[PDB]
Amino acid sequence: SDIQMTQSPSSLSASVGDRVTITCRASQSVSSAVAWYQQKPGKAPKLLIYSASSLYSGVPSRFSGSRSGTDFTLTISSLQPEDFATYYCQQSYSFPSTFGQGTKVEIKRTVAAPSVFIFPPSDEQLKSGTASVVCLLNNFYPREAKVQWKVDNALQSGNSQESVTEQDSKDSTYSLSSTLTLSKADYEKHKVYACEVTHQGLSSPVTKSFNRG
Amino acid sequence: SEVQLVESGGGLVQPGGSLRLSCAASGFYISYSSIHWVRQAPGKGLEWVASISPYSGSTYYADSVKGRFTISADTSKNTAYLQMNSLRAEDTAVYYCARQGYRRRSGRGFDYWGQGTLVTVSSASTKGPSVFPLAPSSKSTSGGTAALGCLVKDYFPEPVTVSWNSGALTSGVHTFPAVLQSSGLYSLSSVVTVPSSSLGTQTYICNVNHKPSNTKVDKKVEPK
RNA sequence: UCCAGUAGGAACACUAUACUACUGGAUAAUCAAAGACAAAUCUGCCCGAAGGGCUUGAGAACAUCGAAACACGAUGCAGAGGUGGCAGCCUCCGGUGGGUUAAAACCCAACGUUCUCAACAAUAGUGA
Ligand SMILES: [Cl-]
Ligand SMILES: [Mg+2]
Ligand SMILES: [Mg+2]
Ligand SMILES: [Mg+2]
Ligand SMILES: [Mg+2]
Ligand SMILES: [Mg+2]
Ligand SMILES: [Mg+2]
Ligand SMILES: [Mg+2]
Ligand SMILES: [Mg+2]
Ligand SMILES: [Mg+2]
Ligand SMILES: [Mg+2]
Ligand SMILES: [Mg+2]
Ligand SMILES: [Mg+2]
Ligand SMILES: [Mg+2]
Ligand SMILES: [Mg+2]
Ligand SMILES: [Mg+2]
Ligand SMILES: [Mg+2]
Ligand SMILES: [Mg+2]
């Protein structure tokens, strides 16, 4: 029915100077009705390429687009500091229109394992009625990481969320927080709380944990 | 240049409720372009939602929004509107209007975009945040360094600002993006790392602002 | 209407004449620009008694353009050879993107109106 645009990769890290390539595959012929856009956190997207390979006026010539069949790729001869951003392919051959998932171009840097800290719920928050357990992965790279919660060695599931910082303008690292949420009842029952971190930086999963009281 | 798009009409609305965005267009005759609305949910990709065609005034919508929304344009006012009915939290997002370039100049590319309006679709009420300390235990410590910070839970709407010691402490401070809980309210925590030695001598206090509720808290984080 | 340059001139080729198109001009019709059927006769299946369209004209789709994805209007101006049809492959031409650059010289890539109908495919000369 509706045409699909499969962009890839979802993320991608490069250094200044690098020649970067983003690809987007249409689920069926789109002729050349494809455009590319740049977007930066909390700001309107900007047109780069139109009609598949035409460079939009005003845009730097290092940017380009090409079409092989139903595959469309956007290139950057020589990555510049302003280019770290996210990019989207879009098809306008048929309605409804569709954008690719997006490709985040990030800054490359040497691997860094996360430090791992764990915070138990405060007595205050306990008096309140709910309990939050916080697990902090700090200053690490690359981004792909994996936090699992286990209480009394049971694998927690769908009862915790996490959030991630932007690359640090300082050391280009990420910091990530995972929060586990229990009812004061659930919490008061079990004794040992732990998160297991799996990161490329660690030669084996790290387990940071504590016991109520 | 002189071409410009400025949307408005976004705000807070209960689910099932209704809201109408407008896109005031200056710098060109709206009636010779094709206008589109495109939305971006918090931490998601761009999603094309609807469009209007010059001359014919044909209309086009996306499956996910077909039937509940209607796009249109007032030549007189050189403006485009999006009527949004039967809103659902699912619909929360930033809404941009964008115009299609001239065939000759930019093919079918969207050459000009609005700054975007924010449409928040919640049935929760404005609440100041609770602020709990994340005490620097022996299980939040590595090397000569120990992490600490305060949890900012259950508040609405965004945003919330956080600082440490009035703002004299900024080195190694990470404040995480808010996270929409299933309770319906928000949550986030700010953390910082510091020399283990200083823990006994130095004070740490996280200043928490929340304009939407004229709330202002300052919890002192401290080893339990 | 005419002149010139060029490309065509349409059942196998070639030339001349008619006739066609683009470009510039006006009987002193300039100087120009432009100029794709070069090479090669490929692969698989199906059909005919015999396979070979740089021709027009009309209807559909589709495309380009008109501030224009549909609707409305105008235009079909670039695709070519490999002999009918379908599919594939090689080459040429074209603009486009990339590479290498003094340079589209050369390299890479995808991409380029089809179908249906009717009429016309000449007169002549020379030849497979
Ligand atoms: Cl286009
Ligand atoms: Mg339970
Ligand atoms: Mg003549
Ligand atoms: Mg001839
Ligand atoms: Mg003339
Ligand atoms: Mg030949
Ligand atoms: Mg036979
Ligand atoms: Mg022939
Ligand atoms: Mg059409
Ligand atoms: Mg007009
Ligand atoms: Mg051919
Ligand atoms: Mg043939
Ligand atoms: Mg054959
Ligand atoms: Mg064929
Ligand atoms: Mg070529
Ligand atoms: Mg080039
Ligand atoms: Mg071809
Ligand atoms: Mg054509």
# chains A, B, ... in the order shown; residues from 1 in each chain; ligands from 1

call {"tool": "interface_residues", "arguments": {"of": "chain C", "to": "chain A", "cutoff": "12 Å", "atoms": "only C-alpha atoms (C1' of nucleotides)", "output": "PyMOL selection string"}}
result
chain C and resi 63+69-70+96-99+108-111

call {"tool": "interface_residues", "arguments": {"of": "chain B", "to": "chain C", "cutoff": "12 Å", "atoms": "only C-alpha atoms (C1' of nucleotides)", "output": "PyMOL selection string"}}
result
chain B and resi 28-34+51-60+100-105+107-109

call {"tool": "write_last_selection", "arguments": {"atoms": "N, CA and C atoms", "output": "short mmCIF file (atom, residue, chain, number, x, y, z; two decimals), in the first residue's frame"}}
result
data_model
loop_
_atom_site.label_atom_id
_atom_site.label_comp_id
_atom_site.auth_asym_id
_atom_site.auth_seq_id
_atom_site.Cartn_x
_atom_site.Cartn_y
_atom_site.Cartn_z
N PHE B 28 5.18 35.32 0.65
CA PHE B 28 4.71 34.70 -0.58
C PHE B 28 3.23 34.38 -0.55
N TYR B 29 2.64 34.27 -1.73
CA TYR B 29 1.23 33.92 -1.86
C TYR B 29 0.99 32.45 -1.52
N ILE B 30 0.48 32.19 -0.33
CA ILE B 30 0.23 30.82 0.11
C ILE B 30 -0.47 29.95 -0.93
N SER B 31 -1.27 30.57 -1.80
CA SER B 31 -2.12 29.80 -2.70
C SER B 31 -1.43 29.22 -3.93
N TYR B 32 -0.15 29.49 -4.11
CA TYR B 32 0.59 28.91 -5.23
C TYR B 32 1.57 27.83 -4.78
N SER B 33 1.68 27.64 -3.47
CA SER B 33 2.50 26.57 -2.91
C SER B 33 1.61 25.43 -2.42
N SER B 34 2.24 24.35 -1.99
CA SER B 34 1.54 23.25 -1.33
C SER B 34 2.02 23.27 0.10
N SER B 51 -1.40 17.58 4.10
CA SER B 51 -1.00 18.56 3.10
C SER B 51 -2.18 19.10 2.29
N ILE B 52 -2.02 20.30 1.73
CA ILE B 52 -3.02 20.91 0.84
C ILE B 52 -2.38 21.29 -0.48
N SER B 53 -3.12 21.15 -1.58
CA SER B 53 -2.55 21.43 -2.89
C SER B 53 -3.04 22.73 -3.51
N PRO B 54 -2.13 23.46 -4.16
CA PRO B 54 -2.49 24.71 -4.80
C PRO B 54 -3.52 24.47 -5.88
N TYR B 55 -4.28 25.51 -6.22
CA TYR B 55 -5.23 25.45 -7.33
C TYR B 55 -6.40 24.51 -7.11
N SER B 56 -6.13 23.22 -6.89
CA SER B 56 -7.21 22.26 -6.67
C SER B 56 -7.73 22.31 -5.24
N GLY B 57 -6.83 22.61 -4.30
CA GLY B 57 -7.17 22.60 -2.89
C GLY B 57 -7.42 21.18 -2.40
N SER B 58 -6.91 20.20 -3.13
CA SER B 58 -7.02 18.82 -2.72
C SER B 58 -6.43 18.65 -1.34
N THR B 59 -6.85 17.60 -0.66
CA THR B 59 -6.41 17.37 0.69
C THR B 59 -5.78 15.98 0.80
N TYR B 60 -4.84 15.82 1.73
CA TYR B 60 -4.14 14.55 1.91
C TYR B 60 -3.71 14.36 3.36
N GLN B 100 6.12 23.53 0.28
CA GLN B 100 6.80 22.90 -0.83
C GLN B 100 7.45 23.92 -1.75
N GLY B 101 8.70 23.66 -2.12
CA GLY B 101 9.42 24.57 -2.98
C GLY B 101 8.72 24.69 -4.31
N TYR B 102 9.23 25.58 -5.16
CA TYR B 102 8.74 25.69 -6.52
C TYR B 102 9.38 24.59 -7.36
N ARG B 103 8.54 23.90 -8.14
CA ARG B 103 8.98 22.77 -8.93
C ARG B 103 10.34 23.04 -9.55
N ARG B 104 10.47 24.19 -10.21
CA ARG B 104 11.71 24.55 -10.90
C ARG B 104 12.88 24.80 -9.98
N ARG B 105 12.61 25.28 -8.77
CA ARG B 105 13.66 25.74 -7.88
C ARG B 105 14.16 24.66 -6.93
N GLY B 107 12.37 21.24 -6.71
CA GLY B 107 11.51 20.08 -6.90
C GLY B 107 10.39 20.02 -5.88
N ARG B 108 10.23 18.87 -5.25
CA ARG B 108 9.16 18.69 -4.28
C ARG B 108 9.70 18.77 -2.86
N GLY B 109 10.88 19.36 -2.70
CA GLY B 109 11.46 19.50 -1.37
C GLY B 109 10.75 20.56 -0.55
#

call {"tool": "residues_around", "arguments": {"residues": "residue 93 (chain B)", "least_positions_apart": "2", "cutoff": "10 Å", "atoms": "only C-alpha atoms (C1' of nucleotides)", "output": "PyMOL selection string"}}
result
chain B and resi 10+38-44+47+89-91+95-96+116-121

call {"tool": "write_last_selection", "arguments": {"atoms": "N, CA and C atoms", "output": "compact mmCIF listing (two decimals), in the first residue's frame"}}
result
# COMPACT_ATOMS: atom_id res chain seq x y z
N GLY B 10 -0.88 25.87 19.54
CA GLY B 10 -0.54 24.68 20.31
C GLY B 10 -0.65 24.97 21.79
N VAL B 38 3.96 18.64 9.59
CA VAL B 38 4.84 17.53 9.91
C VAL B 38 5.07 17.61 11.40
N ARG B 39 5.02 16.47 12.09
CA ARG B 39 5.17 16.48 13.54
C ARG B 39 6.28 15.58 14.02
N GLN B 40 6.79 15.90 15.20
CA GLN B 40 7.90 15.16 15.78
C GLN B 40 7.62 14.91 17.25
N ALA B 41 7.35 13.66 17.60
CA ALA B 41 7.06 13.34 18.99
C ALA B 41 8.36 13.37 19.78
N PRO B 42 8.28 13.71 21.08
CA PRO B 42 9.46 13.77 21.93
C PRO B 42 10.39 12.58 21.71
N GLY B 43 11.60 12.85 21.23
CA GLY B 43 12.59 11.81 20.98
C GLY B 43 12.22 10.84 19.87
N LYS B 44 11.47 11.32 18.89
CA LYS B 44 11.10 10.48 17.76
C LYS B 44 11.48 11.16 16.46
N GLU B 47 7.34 12.99 11.35
CA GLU B 47 6.22 12.25 10.80
C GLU B 47 5.33 13.15 9.97
N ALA B 89 -3.16 11.27 23.74
CA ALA B 89 -1.79 11.46 24.23
C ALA B 89 -0.79 11.03 23.17
N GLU B 90 -1.10 9.91 22.54
CA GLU B 90 -0.39 9.45 21.36
C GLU B 90 -0.01 10.61 20.41
N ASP B 91 -0.85 11.64 20.34
CA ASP B 91 -0.65 12.76 19.42
C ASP B 91 0.27 13.85 19.95
N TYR B 95 4.56 20.46 16.23
CA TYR B 95 3.95 20.54 14.91
C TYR B 95 4.55 21.67 14.07
N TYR B 96 5.22 21.31 12.98
CA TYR B 96 5.74 22.30 12.05
C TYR B 96 4.86 22.37 10.82
N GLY B 116 7.70 25.86 14.79
CA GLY B 116 6.97 24.74 15.38
C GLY B 116 6.20 25.15 16.62
N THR B 117 5.00 24.60 16.80
CA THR B 117 4.27 24.78 18.05
C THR B 117 4.19 23.46 18.78
N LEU B 118 4.15 23.52 20.10
CA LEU B 118 4.10 22.31 20.91
C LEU B 118 2.67 21.99 21.30
N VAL B 119 2.25 20.77 21.01
CA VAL B 119 0.91 20.30 21.36
C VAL B 119 1.02 19.20 22.40
N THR B 120 0.64 19.51 23.64
CA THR B 120 0.68 18.53 24.72
C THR B 120 -0.71 17.98 25.03
N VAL B 121 -0.88 16.68 24.85
CA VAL B 121 -2.19 16.06 25.01
C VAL B 121 -2.29 15.25 26.30

call {"tool": "interface_residues", "arguments": {"of": "chain A", "to": "chain B", "cutoff": "6 Å", "atoms": "only C-alpha atoms", "output": "ChimeraX atom specification"}}
result
/A:35,44,47,50-51,96,101,117-119,165

call {"tool": "residues_near_ligand", "arguments": {"ligand": "ligand 17", "cutoff": "12 Å", "atoms": "only C-alpha atoms (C1' of nucleotides) and all ligand atoms", "output": "list in words"}}
result
residues 78, 79, 80, 89, 90, 91, 92, 93, 94, 110, 111 and 112 of chain C

call {"tool": "atom_distance", "arguments": {"atom1": "CA of residue 219 (chain B)", "atom2": "CA of residue 139 (chain A)"}}
result
24.6 Å

call {"tool": "select_by_dssp", "arguments": {"residues": "region 45-138 of chain B", "states": "strand (DSSP E)", "output": "VMD selection string"}}
result
chain B and resid 46 to 52 59 to 61 69 to 74 79 to 85 93 to 100 110 to 113 117 to 119 130 to 134

call {"tool": "residues_around", "arguments": {"residues": "region 20-28 of chain A", "least_positions_apart": "2", "cutoff": "6 Å", "atoms": "only C-alpha atoms (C1' of nucleotides)", "output": "tab-separated table (two decimals) with N, CA and C atoms, in the first residue's frame"}}
result
chain	number	residue	atom	x	y	z
A	3	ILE	N	4.16	3.57	0.46
A	3	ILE	CA	5.61	3.47	0.26
A	3	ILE	C	6.39	3.62	1.57
A	4	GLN	N	7.44	2.81	1.74
A	4	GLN	CA	8.29	2.90	2.93
A	4	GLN	C	9.67	3.45	2.60
A	5	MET	N	10.26	4.17	3.55
A	5	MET	CA	11.63	4.65	3.42
A	5	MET	C	12.46	4.08	4.56
A	6	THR	N	13.36	3.16	4.25
A	6	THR	CA	14.17	2.53	5.27
A	6	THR	C	15.55	3.16	5.31
A	7	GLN	N	15.74	4.06	6.26
A	7	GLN	CA	17.00	4.75	6.40
A	7	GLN	C	17.94	3.91	7.26
A	8	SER	N	19.24	4.06	7.05
A	8	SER	CA	20.23	3.36	7.87
A	8	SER	C	21.62	3.95	7.70
A	18	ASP	N	36.15	12.97	7.98
A	18	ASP	CA	35.54	11.72	7.49
A	18	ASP	C	34.56	11.96	6.34
A	70	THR	N	16.11	2.11	-6.51
A	70	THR	CA	15.23	2.56	-5.45
A	70	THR	C	16.01	2.83	-4.18
A	71	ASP	N	17.34	2.90	-4.32
A	71	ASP	CA	18.22	3.22	-3.20
A	71	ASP	C	18.80	4.62	-3.31
A	72	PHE	N	18.73	5.35	-2.20
A	72	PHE	CA	19.12	6.75	-2.17
A	72	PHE	C	20.11	7.01	-1.05
A	73	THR	N	21.24	7.61	-1.38
A	73	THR	CA	22.25	7.92	-0.37
A	73	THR	C	22.70	9.36	-0.40
A	74	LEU	N	22.85	9.92	0.79
A	74	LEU	CA	23.31	11.28	0.99
A	74	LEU	C	24.77	11.23	1.46
A	75	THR	N	25.64	11.98	0.79
A	75	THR	CA	27.05	11.97	1.15
A	75	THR	C	27.56	13.31	1.63
A	76	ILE	N	28.60	13.26	2.47
A	76	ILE	CA	29.31	14.45	2.89
A	76	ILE	C	30.81	14.26	2.64

call {"tool": "residues_near_ligand", "arguments": {"ligand": "ligand 3", "cutoff": "12 Å", "atoms": "only C-alpha atoms (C1' of nucleotides) and all ligand atoms", "output": "MDAnalysis selection string"}}
result
chainID C and resid 2:7 19:25

call {"tool": "residues_around", "arguments": {"residues": "residue 195 (chain B)", "least_positions_apart": "4", "cutoff": "8 Å", "atoms": "only C-alpha atoms (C1' of nucleotides)", "output": "PyMOL selection string"}}
result
chain B and resi 144-146+199

call {"tool": "residues_near_ligand", "arguments": {"ligand": "ligand 14", "cutoff": "10 Å", "atoms": "only C-alpha atoms (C1' of nucleotides) and all ligand atoms", "output": "PyMOL selection string"}}
result
chain C and resi 82+85-88

call {"tool": "atom_distance", "arguments": {"atom1": "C1' of residue 54 (chain C)", "atom2": "atom 1 (Mg, counted along the ligand's line) of ligand 5"}}
result
21.5 Å

call {"tool": "closest_atom_pairs", "arguments": {"of": "chain A", "to": "ligand 2", "cutoff": "12 Å", "atoms": "only C-alpha atoms and all ligand atoms", "output": "JSON lines"}}
result
{"residue": "A:156", "atom": "CA", "partner": "ligand 2", "partner_atom_place_in_ligand_line": "1 (Mg)", "distance": 11.1}
{"residue": "A:157", "atom": "CA", "partner": "ligand 2", "partner_atom_place_in_ligand_line": "1 (Mg)", "distance": 11.8}
{"residue": "A:159", "atom": "CA", "partner": "ligand 2", "partner_atom_place_in_ligand_line": "1 (Mg)", "distance": 10.2}
{"residue": "A:181", "atom": "CA", "partner": "ligand 2", "partner_atom_place_in_ligand_line": "1 (Mg)", "distance": 10.6}
{"residue": "A:182", "atom": "CA", "partner": "ligand 2", "partner_atom_place_in_ligand_line": "1 (Mg)", "distance": 7.7}
{"residue": "A:183", "atom": "CA", "partner": "ligand 2", "partner_atom_place_in_ligand_line": "1 (Mg)", "distance": 7.2}
{"residue": "A:184", "atom": "CA", "partner": "ligand 2", "partner_atom_place_in_ligand_line": "1 (Mg)", "distance": 9.7}
{"residue": "A:185", "atom": "CA", "partner": "ligand 2", "partner_atom_place_in_ligand_line": "1 (Mg)", "distance": 7.7}
{"residue": "A:186", "atom": "CA", "partner": "ligand 2", "partner_atom_place_in_ligand_line": "1 (Mg)", "distance": 5.4}
{"residue": "A:187", "atom": "CA", "partner": "ligand 2", "partner_atom_place_in_ligand_line": "1 (Mg)", "distance": 8.9}
{"residue": "A:188", "atom": "CA", "partner": "ligand 2", "partner_atom_place_in_ligand_line": "1 (Mg)", "distance": 11.1}
{"residue": "A:189", "atom": "CA", "partner": "ligand 2", "partner_atom_place_in_ligand_line": "1 (Mg)", "distance": 9.9}
{"residue": "A:190", "atom": "CA", "partner": "ligand 2", "partner_atom_place_in_ligand_line": "1 (Mg)", "distance": 11.0}

call {"tool": "residues_near_ligand", "arguments": {"ligand": "ligand 8", "cutoff": "8 Å", "atoms": "only C-alpha atoms (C1' of nucleotides) and all ligand atoms", "output": "VMD selection string"}}
result
chain C and resid 37 52 to 53 83
